[PDB]
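**Q** Pasting a structure here, questions to come.
Readers should treat all values here as calculations from the given coordinates under stated rules, not as data from a laboratory. Ideal geometry is used to build each Cβ from the backbone, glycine not excepted, and the neighbour counts take in all protein chains shown.
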Amino acid sequence: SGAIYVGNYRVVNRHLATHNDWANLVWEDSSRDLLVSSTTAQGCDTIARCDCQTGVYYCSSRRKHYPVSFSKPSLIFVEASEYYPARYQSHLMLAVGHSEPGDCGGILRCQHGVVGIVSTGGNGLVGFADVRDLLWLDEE
Ligand SMILES: COc1ccc(C(F)(F)F)cc1CC(=O)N1CCS[C@@H](C(N)=O)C1
Ligand SMILES: [Zn+2]
């Protein structure tokens, strides 16, 4: 689990969105595994606006933050899970790192701010849904 809290937005994995998220929906995209809902309180996260390929992510199944090198956002074939059939996921970045299904939502960050959230995994790989192209997260 986990979310990004920027401005009056909450960014979560679409497959983990709650009823309150769907009832206060701003934007969702199943091909990216992302959903954004509106919040009453202002958040403290800032979004990175860069081309970094190195950063750090939070892994809840280890209680640890790990430094990683990650690929540029791309269209990647992801195997079937409990939440999606095997399909192509867009704007996904891959790295070598530990992940388990409940690690989705952990933040990936670089020197400029939040880059994305854990969305996929398996066999020593972790995939992150990028948010750096969503420029509207920075404005009301
Ligand atoms: C954090 O992800 C995992 C991590 C490890 C493994 C394992 F291979 F060990 F079974 C499997 C996963 C699950 C997975 O890839 N999912 C979770 C459901 S939503 C799906 C997607 N965004 O298409 C991504
Ligand atoms: Zn950066």
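**Q** Give, as a single signed number, the net charge of other residues whose beta carbon lies under 14 Å from the beta carbon of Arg49, with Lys and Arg counted +1 and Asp and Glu -1. Intermediate results must be reported in sequence, preceding the final value.
**A** On the way: positive: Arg109, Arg132; negative: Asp45, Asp51, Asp130, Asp133, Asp138, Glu139.
Residues close to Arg49 contribute a combined charge of -4.
**Q** What spacing in nm lies between the two simple spin-label points modelled at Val96 and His112, each 7 Å away from Cα in the Cβ direction?
**A** 2.6 nm
**Q** Using a 7 Å offset from Cα along Cα-Cβ at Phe77, what residues in segment 6-44 end up with backbone N under 20 Å from the label point?
**A** Within reach of a label on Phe77: 31-33.
**Q** Around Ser81, what is the net charge, scoring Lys/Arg as +1 and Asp/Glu as -1 over all other residues with Cβ under 13 Å from its Cβ? Mind dumping the intermediate values first?
**A** On the way: positive: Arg14, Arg87; negative: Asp33, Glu79, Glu82, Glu100, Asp103.
Here the charged neighbours net out to -3.
**Q** Hey, another quick one. Could you tally the net charge around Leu134, taking each other residue with its Cβ under 15 Å from the Cβ of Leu134, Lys/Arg +1 and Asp/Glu -1?
**A** On the way: positive: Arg10, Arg14, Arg32, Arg49, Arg132; negative: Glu28, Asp29, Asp33, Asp45, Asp130, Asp133, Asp138, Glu139, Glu140.
That works out to -4.
**Q** Still on this structure: How big is Rg to Rh over the chain, alpha-carbon atoms, Rh as the Kirkwood inverse-mean-distance radius? Intermediate results must be reported in sequence, preceding the final value.
**A** Numbers: Rg = 13.9 Å, Rh = 14.9 Å.
Using only Cα positions, Rg/Rh for the chain is 0.93.
**Q** Sort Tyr57, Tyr88 by Cβ crowding within 10 Å, fewest neighbours at the top. Working shown, then result.
**A** Values: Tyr57 25, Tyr88 11.
Final ranking by Cβ density, sparse to dense: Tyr88, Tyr57.
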